[PDB]
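Participant: One structure, as structure tokens, below. Some questions next.
Positions of Cβ are backbone-derived with ideal geometry, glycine not excepted, and every protein chain shown enters the neighbour counts. The numbers here are math on the coordinates, done by the rules we state, and not lab data.
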Amino acid sequence: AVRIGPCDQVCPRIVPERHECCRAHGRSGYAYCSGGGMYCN
């Protein structure tokens, strides 16, 4: 699990946008937002 660029910005967005960030950045999918940035699977 790692952090994506806009994932922190699209974290508070809807549901399809949250999974779209990780999937669009070559990541497994949306996992959770901790500390000060969103983290993908």
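Participant: Of everything in the stretch 27-40 that's assigned to a strand (DSSP E or B) and without any contact (Cβ under 8 Å) to a residue 24 or more places away in the chain, which residue is nearest to the chain's Cα centre (by Cα)?
Facilitator: In this case the residue turns out to be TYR30.
Participant: Would you say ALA24 is in contact (Cβ under 8 Å) with a residue 24 or more places away in the chain and surrounded by 12 or more Cβ atoms within 10 Å (Cβ to Cβ)?
Facilitator: No.
Participant: A follow-up question, please. Out of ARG13, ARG18, which single residue is of a type in the set (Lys, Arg), surrounded by fewer than 17 Cβ atoms within 10 Å (Cβ to Cβ) and either touching a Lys or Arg at 6+ places or on another chain (Cβ under 8 Å) or not in a strand (DSSP E or B) (or both)?
Facilitator: Checking each option against the conditions leaves just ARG13.
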